[PDB]
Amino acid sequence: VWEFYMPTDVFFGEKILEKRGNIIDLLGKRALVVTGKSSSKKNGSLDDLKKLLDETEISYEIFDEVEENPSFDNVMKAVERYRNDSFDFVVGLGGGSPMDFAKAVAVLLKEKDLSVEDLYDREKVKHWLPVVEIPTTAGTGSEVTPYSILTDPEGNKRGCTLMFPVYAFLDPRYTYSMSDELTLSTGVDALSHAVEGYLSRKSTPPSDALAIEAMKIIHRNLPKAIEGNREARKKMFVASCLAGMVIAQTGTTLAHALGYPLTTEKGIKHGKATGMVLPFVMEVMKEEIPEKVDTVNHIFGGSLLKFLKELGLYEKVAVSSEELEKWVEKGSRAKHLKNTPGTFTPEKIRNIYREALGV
């Protein structure tokens, strides 16, 4: 059996909040905006959102304190500040961190007796405020997925499945402010979503169609996007959205799980972390799906590994034996394993990290 479900109404273009944003008036009269500390003030996005809320006569509060890789505590800081209000909907503005934060808060503001940990029990998540997502990186695709990735108190990034956003608004102009480094990392996150979705045991025909297009766009446009080419950035933002729609159908694979400690413990941005390990996870997946792995390598010019190396993705990462064994143990228990072709023993995982990180 396969299923397709992706109910978000997605709007893409320059000045999209002006041109299509008034539809949010269907959601109510009061909104909570969640965003990061600075970037949305410098790319016009927060100003455009304030213009839209004023136009639609929707009152609002702004929580501009979402941290990268938001923790359970960061979510608690907001939910405590805002459960005594009466919001009709939540708007996430920024990258995956505030977009994921918006999904968690939209559940917790409605379900007032739930804890953050309860978000990980599907049975407990019955109701929620509607969510609108306005992405500014290219990207996580969070605007078209039901997932929220939070860092638990023990320091482990952990994903939960909540709701799809009702509306997603993509204005490529917002991504023009990304640094070259952020463009690389977010672009490789999009790449990883497309590749992992295509290679996943949960692959479907519609998600494969979207993934193949996203891969082709990314191969063609990521180098130029990193250098600041605006047309290429617009195309990357499209591809990140397609790749989100893919993983909304498939979920991700072990590559995503293995990147998590690199982000939390070694300071490596999520997309770069996943990308570094991805080619080495694919070498194991070839035991089961060599033809699909060959297709991915072909799309990326012959070798996804070489494509990534050429973009300067790899960097020296210091790793102790204690760290490596901890990550191997965690990786061996990843829920993602069931979705990943191939057989992943602790040794294969150990080797993936050693090869990816130069240790």
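Residue numbers run from 1 along the displayed sequence.
- With 113-121 and 193-201 compared on mean CA B-factor from the PDB entry, the stretch scoring higher is 113-121.
- Higher mean CA temperature factor between 52-60 and 313-321: 313-321, per the PDB entry.
- Residue-level inspection of the entry shows that, of 96, 165, 267, 279, 267 has the top Cα B-factor.
- The maximum CA B-factor among the listed residues 240, 145, 185, 74, taken from the PDB record, is found at 74.
- The deposited CA B-factor of residue 24 belongs to the middle third of values across its chain.
- Remark: residue 156 belongs to the highest third of its chain, ranked by C-alpha B-factor as recorded.
- Among all modelled residues in this chain, the alpha-carbon of residue 107 has a temperature factor (C-alpha) in the highest third.
- In this PDB entry, residue 88 carries a Cα temperature factor that places it within the lowest third of its chain's modelled residues.
- Remark: residue 79 belongs to the highest third of its chain, ranked by C-alpha B-factor as recorded.
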